Structure formats: C-alpha cells, structure tokens
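Numbered from 1 within each chain, the chains take letters A, B, ... in sequence-line order. Excluded from the calculations below are hydrogen atoms, water molecules and symmetry mates; all remaining heavy atoms, backbone and side chain alike, are included. When a ligand or atom number is given, it counts from 1 through the structure's own listing order.
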2 protein chains.
Amino acid sequence: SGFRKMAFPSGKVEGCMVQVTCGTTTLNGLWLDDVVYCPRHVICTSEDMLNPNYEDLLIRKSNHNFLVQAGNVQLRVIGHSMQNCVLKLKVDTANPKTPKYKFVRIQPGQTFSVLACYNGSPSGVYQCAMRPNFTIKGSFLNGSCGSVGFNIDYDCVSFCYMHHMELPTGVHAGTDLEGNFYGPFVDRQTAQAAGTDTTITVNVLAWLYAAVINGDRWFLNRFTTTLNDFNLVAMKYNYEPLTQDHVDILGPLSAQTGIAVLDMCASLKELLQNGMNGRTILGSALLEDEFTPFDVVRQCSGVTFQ
Amino acid sequence: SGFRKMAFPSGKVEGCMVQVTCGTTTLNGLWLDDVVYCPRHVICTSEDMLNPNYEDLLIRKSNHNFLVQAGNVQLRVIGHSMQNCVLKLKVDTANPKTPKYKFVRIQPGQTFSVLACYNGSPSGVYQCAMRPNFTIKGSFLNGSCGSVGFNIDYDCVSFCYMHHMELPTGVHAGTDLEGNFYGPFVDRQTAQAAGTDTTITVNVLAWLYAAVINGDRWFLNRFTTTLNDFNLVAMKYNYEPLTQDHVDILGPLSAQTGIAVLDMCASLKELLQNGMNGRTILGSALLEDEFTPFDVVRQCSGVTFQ
Ligand SMILES: *CC(=O)c1cccc(NP(=O)(Oc2ccccc2)Oc2ccccc2)c1
Ligand SMILES: *CC(=O)c1cccc(NP(=O)(Oc2ccccc2)Oc2ccccc2)c1
C-alpha cells in the first residue's frame, strides 16, 4: 500500500553525467559511448543573450576550446558538431558506464524522472510531467542546464529531456536529446512565456483508479456519463479532452477495479463540480495529474484492496 | 525556481541491493563490504506468524540454508548472526561497489530517500519522513521488505531505515540498520496499530520559508506571536510543539528571507485558523511537513527572489 511520486532509480544516468566548459561558460553534459551531449548554450558568451547566431559562434571554436570533465578525469574532445539546440562533442574515450539507452521525444502528459545536476555532479532526483503547454514544473537552479530527464524500462534508459532554461513563471523549458525544443521556445533572450496550461485528464483518472486500488472509494458515485457530456464539463474546468484512445488506455485499470471508465468520469465530474469538501485522495487536497496510467500500474499492487 | 519532493540520487545504494532466500522465503538484502544485512523475517516459515522465537528458528539453520543472489552471481555465505531484528550474513566476497557509508538512527521529523526493491532489483526512489508516531508513509508491495532508506552527504551514504512491515492503516514500519524498530512495533503477527500522529511543525515552517524563497509571500501577515501562544494554537491543531532549538535551526532560512521565525509562526497560526481559501502554496492545497530545514536549504537557491 501507499502511493508516492516515485522516480526511476537514477544510477544508470548518474554514471553518464559530466561537466562541459567553453570559455567561462560551464554546464552539464551527458556522456554515452564516445559522445557528450550538451546544450549549445555552452558556446555563448556573457554578451550573446539577445540574438546569438550559433553557427557563427561555433565556427569560431576548435575542439580544444571545449573542456569535458568526468569525475577527476579530463576527456579529450576530438570532434564537435551541432544538431538543433544541442552540441555533440566526440571524445577519445567511450564511457564504460554507458547503459543500454534510447532517445525518445515524448508527448505532452507523459511523465519522466529528472536527475538534477550541477557541475557534472548529481544532486537530486524527482518525477515530473511534460505539461500540455510543453513546459515542465521542475526544480532547477543556475548551473542545472544539461541535466536530463528519462524513463527506464527493463534496464534500457530512454532519455527524453535536456534542461535549458527557466521562463518568467518559474517553469522550465528544454529539448529532446536531439536538441529540438518542446513547445515554441527558442534559446535566445527574447520575451517568451508559457502558454495557458490545462489539466491532464487521463492522468487524473488514472490516479483516481490508484486511490481505489489502494482501498479508497469515497469519491465514487452511482452515476455514469457519456464521453461527450464529460468532455463538455472538462472543457469548462480547463481539463484536456478525453479521447476514446485514453479510454482504451485506461482499460486495464478499469478491469482491475471493476469501475467502468465512463463511471470514473462521472466521479471526476462530481469532484470538479462539488470540490472535495475537506476530504483528501491519496493524501492530496487537489486532483493530481502527474501520474500516467502506466505509472499507476507500475507502482500499485496488481491486487485491489477490495 | 521550483520545489519538488526530491530524493537523493540512488546509484550508490543500487549497487548494494541483493536477494536473500531461506527456504521458501525471499526478500531484499543490503551488501556492504563482506556482510549482507536483511530482516530476520527471512528465516520465518509459512506457519511462524503468531509468536516466532527467532533464536530457536535460527539455531536450526546453517550457513548453506541462506541463498544470496547479487545480479546473476551467487554469493557464498560463510557466517551468520542475528542482531535485534536484522540478520547479518558474512559472505566470501566484499562488494566492490560499496560506497562510503554509515548507519544512523534518525529522529522523528527527519526525512530520507527510500529505494524500493523487489527480488534484489531496485524499482523506484522516493522521499519520505519518519512520522512522529514512528511509522512512514511509504509505497511498498509484497516482497519489498529489506528495502532501505538513506541520506547522502558528500558521497557518504547514511543508511537509516530497513523496511519490514505494513500496518493496518497502510503505513509502514521498520528498523534502523542495526535491527532496532522505530516505534513500539515488533516483528510478529500480533495486533499492532499506528499511534495517533501529529504534524511536524518545524518542517511546515521550513516549507513556508521555501515558498517565500521561491517568490511567494501571500500567506504572510503583519503579526507576530510568542512561542508560548503559538504552541497553544499548535497543540489545538495536532501540531508538534515548537522548541527554541527548532527556532535556532530555522535561523539560516529566517536570515535569508528577513522573516523572523516567530513572524512565520504568526503566518502559520493564521493559516491554521483560517485555511487557505482556495489558494495554494508551492502547488499544494495542504500544509506540507515532509521537508526539513536542511532539505529546503539544499534544494532552494541561496538567493531569495525578492
Ligand atoms: C544553461 C543553458 O543551457 C541555457 C539554454 C538556453 C537559455 C539559457 N539562458 P536564457 O537567459 O537565454 C539565453 C541567454 C544568453 C544566450 C543564449 C540564450 O533563457 C531564457 C529564459 C527566459 C526567456 C528567454 C531566454 C540557458
Ligand atoms: C518481509 C519482512 O521482512 C517482514 C518483517 C516483519 C513482519 C513481516 N510480516 P507480518 O505479517 O508479521 C510476521 C508474520 C510472520 C512471521 C513473522 C512476522 O507483519 C505484521 C504486520 C502488521 C501487524 C503485525 C505484523 C514481514
């Protein structure tokens, strides 16, 4: 029993984290095989905020202008190239700790673990979600860029996020590991702001199923809803539309608990319309939307506490 | 910016996790140097619930009745002893991945990371606190006992918790790494229940300071309180008494924000008496008490967003 915001064990990623320095700029990089991946921001100077031209900035650099430090070992850079908003530094040594890995570009509503790092040293691990507006609500201080986000599946690390920047609302923006930003953001000092965000409906429903699996049914009711009428309510509360595909995805949790998906939708509609009246669910007084259906199945028992 | 329930990076502990089997009972163990630590429950049989006599159960075992599996390598047990509610199995191989480590018995209100494991394989990492009633609100399924809790400080892992059992309210009980339970619990199938719990006042205050550091002052007021009058309110709301030592401990956060501790106490008193009125703090609609003052200082910037 119990339900926590749980991250993947971070060891396989810890062994990949390095420090990259170009001139006076230092940040984190990810060392896999003989390549180090890092934000291309590392070639920026103190003046290059407004409109840096990265191609122009990079042609002015040589391999030896890049310093890569892996623990107490300096790695020699033997090639460099830029791919979208990431730099790839070929080093003369393959990381002996490279895990089995993949690079994945995730959809909004998907969750992942973040290993926050400073100067190539991991500091903490936490779970977050790609928001519908393609920001993440992370916890990052200066020096954290190049920290990565990941999922682990049968010992294969799927990297999905590299941290670049903090927007004015305190939320975070970054790229996949091929350097393409999530969302409309660009790596330049221009007015950029998070777009209006929405609540991830399919994840709220998954977490209501987690609450039931764990033994709690207070918020359930005798009603059902059509998918159309639910989505009318959802739209009113700034929730994302629920698709038939989402309903399909919630199938296994529905079957484990015996609660039809559209019946849980009627539960959620009542919760939106009436609030919680001072009660909690899984120890929260708000509806939680940063657990996917897969996350619930992974963490919860396969046997419901009936 | 941002504030998350952050765990320590778990790699140094992952490399220590093994599987221990005695007869038909299997659970997790912790391999440090040439010793494996595990719950003494591993020598229990299917019938030994009510009142097992562990000394009697153990004298009936030999070294070879214990099977220790570390990845795909079997470790040979060459000695065994029991210390309180843990077993120590001397193996013929020192763990080459042993980190610098210590064993610590923590006070209630202290936090730590848990690496949940099954069959010696880590599954997830999360943060929790030793509650005042000496349970933890973990996330554990069958097979998780022997999973450990830990803090990391300058590459030294301080182990503080080994998981044993789940109580009827779904909260969790376990030992320090020398096998002494936290709380009054015993490892036998007898009616045992969590005692009434309280909210960890000094941690709530730390988290209010985190909210201010991150840029949010809505809940502040122009009032102060004496420590005595605050504790009268605290006692009324099932909060723990605040001591002058706690006030001292909150000194650095007070100094970083310019908010005297007793002024933050007046804030908290108002929040208890009036509720939040639909507002949130650091994205929570409840007052959070599983961040220590040390946790806040570690995660937050050293510069307040004024
Ligand atoms: C650390 C890192 O990798 C990084 C990546 C992108 C952007 C930034 N900092 P920022 O202030 O923008 C730049 C400044 C100078 C040179 C290039 C980019 O990020 C930012 C934040 C909010 C709005 C606009 C830009 C660091
Ligand atoms: C897995 C493990 O290490 C462990 C440690 C202590 C207790 C248990 N299970 P439990 O049902 O009690 C025992 C059963 C059989 C033999 C010995 C102990 O735990 C428990 C839970 C709630 C009330 C009382 C006991 C597993």
Side-chain angles (χ1 to χ4, degrees), chain A residues 1 20 22 25-29 37-54 57 85-87 117-118 135 140-148 162-175 179 181 183-194, chain B residues 1 20 22 25-29 37-54 57 85-87 117-118 135 140-148 162-175 179 181 183-194:
Chain A
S1 310
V20 186
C22 188
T25 305
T26 305
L27 43 68
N28 305 282
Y37 304 76
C38 71
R40 70 178 176 169
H41 180 88
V42 75
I43 70 188
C44 289
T45 79
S46 318
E47 66 83 18
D48 282 288
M49 286 96 204
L50 64 159
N51 230 306
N53 183 295
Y54 289 96
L57 279 172
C85 300
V86 292
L87 285 205
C117 295
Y118 300 89
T135 63
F140 288 120
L141 305 178
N142 273 190
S144 61
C145 58
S147 299
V148 299
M162 187 175 266
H163 182 55
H164 288 240
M165 48 192 220
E166 185 168 295
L167 299 170
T169 47
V171 303
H172 298 107
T175 65
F181 266 90
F185 310 110
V186 291
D187 57 351
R188 56 184 280 244
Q189 249 305 351
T190 191
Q192 295 179 78
Chain B
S1 310
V20 186
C22 188
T25 305
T26 305
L27 43 68
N28 305 282
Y37 304 76
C38 71
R40 70 178 176 169
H41 180 88
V42 75
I43 70 188
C44 289
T45 79
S46 318
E47 66 83 18
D48 282 288
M49 286 96 204
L50 64 159
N51 230 306
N53 183 295
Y54 289 96
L57 279 172
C85 300
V86 292
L87 285 205
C117 295
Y118 300 89
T135 63
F140 288 120
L141 305 178
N142 273 190
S144 61
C145 58
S147 299
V148 299
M162 187 175 266
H163 182 55
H164 288 240
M165 48 192 220
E166 185 168 295
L167 299 170
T169 47
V171 303
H172 298 107
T175 65
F181 266 90
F185 310 110
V186 291
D187 57 351
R188 56 184 280 244
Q189 249 305 351
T190 191
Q192 295 179 78

Of all the heavy-atom pairs spanning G179(B) and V86(B), show the shortest one and how long it is.
-> CA-CG1, 3.5 Å
State the CE-SG distance between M162(B) and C145(B), to the nearest 0.5 angstrom.
-> 9.0 Å
Protein contact to atom 5 (C) of ligand 2 [nearest heavy atom, distance to 0.1 Å] | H164(B) O, 3.4 Å
Provide the number and element of each atom of ligand 1 under 4.0 Å from a heavy atom of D48(A).
-> 16 (C)
Show your reasoning for whether side chain to side chain donor-acceptor pair (under 3.5 Å) applies to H164(A) and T175(A).
-> CA-CA 7 Å; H164(A) 288 240; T175(A) 65; 3.1 Å; yes
Would you mind telling me if ligand 2 is within reach of the side chain of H41(B), the backbone, both or neither, using heavy atoms under 4.0 Å?
-> side chain
Examine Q189(A) against ligand 1 and note whether any of their N/O atoms are separated by less than 3.5 Å.
-> yes
Measure the distance from atom 19 (O) of ligand 1 to every protein heavy atom, then report the residue, atom name and distance (to 0.1 Å) of the closest one.
-> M165(A) CB, 3.5 Å
Side-chain heavy atoms of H41(B) within contact of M165(B), under 4.5 Å = no
Report the nearest protein non-hydrogen atom to atom 25 (C) of ligand 2: residue, atom name, distance rounded to 0.1 Å.
-> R188(B) O, 3.2 Å
How close does the nearest protein non-hydrogen atom get to atom 14 (C) of ligand 2, and which residue and atom is it?
-> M49(B) CG, 3.6 Å
Over all atoms of both residues, closest heavy-atom pair of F185(B) and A193(B) | CE2-O, 3.7 Å
May I ask whether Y54(B) has any heavy atom positioned less than 4.0 angstrom from an atom of ligand 2?
-> yes
At a 4.0 Å threshold, what atoms of ligand 1 neighbour a non-hydrogen atom of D187(A)?
-> 6 (C), 17 (C), 18 (C)
Tell me, yes or no, whether the heavy-atom count around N53(B) atom CG, taken from other residues, nucleotides or ligands under 6.0 Å, exceeds 12.
-> yes
Near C145(A) (heavy-atom distance under 4.0 Å), the atoms of ligand 1 are 1 (C), 2 (C), 3 (O)
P39(A) heavy atoms within 4.0 Å reach ligand 1 at atoms 3 (O)
Side chain, backbone, both or neither: which part of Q192(B) comes within less than 4.0 Å of ligand 2 when only heavy atoms are counted?
-> side chain
Looking only at heavy atoms, what is the nearest atom pair of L167(A) and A194(A), with distance?
-> CD1-N, 4.1 Å
Correct closest heavy-atom pair for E166(A) and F140(A) would be OE1-O, 3.7 Å
Please work out whether any backbone atom (N, CA, C, O) or any side-chain heavy atom from C-beta onward of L27(B) is under 4.0 Å from ligand 2, and answer side chain, backbone, both or neither.
-> side chain
What one should report as the nearest heavy-atom pair of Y54(A) and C44(A) is CE2-SG, 3.6 Å
Considering only heavy atoms of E166(B), which atoms of ligand 2 have at least one such atom less than 4.0 Å away?
-> 21 (C), 22 (C)
The atoms of ligand 2 lying under 4.0 Å from a heavy atom of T190(B), numbered in the order shown, are 23 (C), 24 (C)
Closest non-hydrogen atoms of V42(B) and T25(B), given as atom of the first, atom of the second and distance, are O-CB, 3.5 Å
